[PDB]
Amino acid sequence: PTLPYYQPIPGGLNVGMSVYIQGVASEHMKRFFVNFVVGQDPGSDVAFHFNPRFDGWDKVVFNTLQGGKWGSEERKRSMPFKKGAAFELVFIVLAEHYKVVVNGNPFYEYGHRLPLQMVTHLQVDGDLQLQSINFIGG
């Protein structure tokens, strides 16, 4: 797959589904994001924005974009990616939250703010190369 990636999630999200992304963080990475998006029209809401950042104290930001407004960020001040390194990034969709697992290590649980059933698309962009994106347990 090529970037930017913005593709429908076959069948939409359901509890029990996993999204499995294999990629390589750029040697020159500043940020990348994975968005679970409600639609494909301009101005679409983002149910879940997952955003690793190397600018400053390395961290991952988690948020929702609704009605053109970013919500209150959740943040984890740990960086599970490494510049130039391949990663395995998994989102397990559960009733209460998205469970994020990186390279086998549980990383975060982001509580649903928009109903998960409204998500139609996965969008990925930023400073990485993608090897694959797979939807499991749909």
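Each form is matched to the other, and the largest set of C-alpha atoms that superpose within 1.5 Å is called the rigid core. When you see a residue number, it is the position in the sequence shown, counting from 1.
The rigid core fit leaves 40 to 48 as the farther-lying stretch in 4 other deposited structures of this protein, judged by Cα positions and set against 93 to 101 and 40 to 48. The stretch with the higher mean CA B factor, choosing between 61 to 69 and 23 to 31, is 23 to 31. As recorded in the PDB entry, 7 to 15 is the stretch of 7 to 15 and 110 to 118 with the greater mean C-alpha temperature factor. Of the candidates 83, 53, 97, 49, it is 83 whose Cα B-factor is highest according to the PDB record.
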